[PDB]
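Asker: Below you'll find the sequence and an experimental structure to go with it.
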Amino acid sequence: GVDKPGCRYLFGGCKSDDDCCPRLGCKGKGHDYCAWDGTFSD
């Protein structure tokens, strides 16, 4: 996850690791999207 203005959100459809915010995480093939990992559950 990269810290940049306009980072992708949940279920964005990322492909790389540093594609979404630093808090989100990109999964492998099949369901490659920005998921929650490390953040506190609301």
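Answerer: Perfect, thanks for sending it. Residues are numbered from 1 along each chain as shown.
Asker: Look up the residues forming beta bridges with the residue sitting nearest the centre point of the chain.
Answerer: Centroid-nearest residue in the chain, with CA atoms, centre = their mean: residue 34, separated by 2.8 Å. Residue 34 forms beta bridges with residue 26, as assigned by DSSP bridges.
Asker: my read: it touches residue 8, true?
Answerer: Yes - counting by CB atoms under 8 Å, residue 34 does reach residue 8; the two are 5.0 Å apart. In this view, the C-beta of every residue, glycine as well, is placed from N, C-alpha and C.
Asker: what sits in contact with each of the two?
Answerer: Common neighbours of residue 34 and residue 8, counting by CB atoms under 8 Å, 6 or more residues apart in numbering, are 14, 19, 20, 21, 24.
Asker: from the residues you listed, which two are the most distant?
Answerer: 14 and 21 (10.3 Å; CB to CB).
Asker: Can you give me the neighbour number for residue 23?
Answerer: 14 (other CB atoms under 10 Å).
Asker: returning to that earlier point: shared neighbours of residue 14 and residue 21, which are they?
Answerer: Joint contacts of residue 14 and residue 21 (CB under 8 Å, 6+ apart) are 8, 34.
Asker: mind listing the strands in this protein by residue range?
Answerer: 24-26, 34-36 (DSSP state E).
Asker: picking up where we left off before, and the shared contacts of residue 34 and residue 8, which is closest to residue 39?
Answerer: residue 24 (8.1 Å).
Asker: if I read this right, residue 2 contacts residue 23, doesn't it?
Answerer: No - the pair residue 2 / residue 23 is not scored as a contact, 10.9 Å apart, by CB under 8 Å.
Asker: re earlier: could you flag which of the shared contacts of residue 34 and residue 8 are buried?
Answerer: Neighbour counting with 16 or more other CB atoms under 10 Å marks 14, 19, 20, 21, 24 as buried within the shared contacts of residue 34 and residue 8.
Asker: can I get the residues you listed in a markdown table with distance to residue 42?
Answerer: Output for these, formatted as a markdown table (distance: CB to CB, whole Å):
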| residue | distance to residue 42 |
| --- | --- |
| 14 | 21 |
| 19 | 23 |
| 20 | 18 |
| 21 | 16 |
| 24 | 14 |
